[PDB]
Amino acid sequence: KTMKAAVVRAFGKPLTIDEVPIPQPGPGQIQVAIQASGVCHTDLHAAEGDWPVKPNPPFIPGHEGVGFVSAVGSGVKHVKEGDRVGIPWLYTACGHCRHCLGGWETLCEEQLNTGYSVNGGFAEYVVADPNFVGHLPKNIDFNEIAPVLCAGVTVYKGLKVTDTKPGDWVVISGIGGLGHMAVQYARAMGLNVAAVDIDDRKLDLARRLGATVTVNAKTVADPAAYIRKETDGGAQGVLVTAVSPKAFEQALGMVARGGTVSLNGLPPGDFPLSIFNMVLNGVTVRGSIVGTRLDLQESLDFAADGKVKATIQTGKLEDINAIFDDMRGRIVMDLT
């Protein structure tokens, strides 16, 4: 009784694909047989040991694992065998702090994070807290639902915290794995959608997915001015999904007075902010990643109802190191 897993033995060094023991579920735990497993840029930073707070090698990355509940520990009510579930970034949270009690468990200072501070989905099996798994709709293929668990909920919640309403303009900055999803959520939320990127093929994709205003930030000299023109003075919201220094600076020129910039990236270093302009223009800048368990259910319901579909590129657990190179739509590893 062993399983295949991609394991980070040491930071920076390529992951070894080893045969390890099948983790078993204690009380209050469950076991999931992973059918598909999405790859996020966060998994990259996990393997690099790049961030202030680091994993402890050896560990299995991955927080877009989806499959079937294969075993159920004692005490576990509700989640039964065969249940279709996903194991997202938020592995568990304390349940008693003011963040947890107020519907903001994503902020819990004692959370554990799947594929980071505990073993994740880059593997055939994973043990998880059933109180925090995502319940997946039956009508959506595993390869296709996997990205909702991080990219999808991230951009959905990101849009909610723009504080916009139907009829408003929202700018999606970056039409990659996160952004192509965000265009679809934004349309389903009744927003008029503008898209910004450096690649005309991605803007073409945004248009097909419902963006009605597009601008190429490399070939147009002043993309912020272009967006202000097309939105009568700027967008009420901007979601920045790929936070390069240029994208951030331009995002701040695209937002209308009183508007909100919502940031989803986890880039390194400091970025320059004109406090003068933020204050004069009454602008809000706000960070958001992932979402609460309720945000994730809501985000899954949009996929279930056909409003949101991820463009995916499929792969195998063995492609993990090449995948990470290609990174340096969404990649999902099919474990079938």
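All residue numbers are counted from 1 along the displayed sequence.
Missing deposited residues between residue 328 and residue 329: 4 to 9, all without coordinates in the entry.
Comparing the deposited coordinates for 44 to 52 and 301 to 309, the stretch with the larger average C-alpha B-factor is 44 to 52.
Of the two stretches examined, 103 to 111 and 150 to 158, the record assigns the greater average C-alpha temperature factor to 103 to 111. Comparing C-alpha B-factors across 258, 237, 245, 75 in the deposited entry, the largest value falls on 75. If you compare the C-alpha temperature factors of 284, 292, 281, 29 in the entry, 29 comes out highest.
Residue 137 sits in the middle third of its chain by CA B factor, as recorded in the PDB entry. Annotation for residue 273: CA B-factor lies in the middle third of the chain's modelled residues. In this PDB entry, the Cα temperature factor of residue 90 sits in the middle third of its chain's modelled residues. Placement of the Cα temperature factor of residue 122 within the chain: highest third of the modelled residues, per the deposited record.
Looking at the C-alpha B-factors along this chain, the one for residue 253 belongs to the lowest third.
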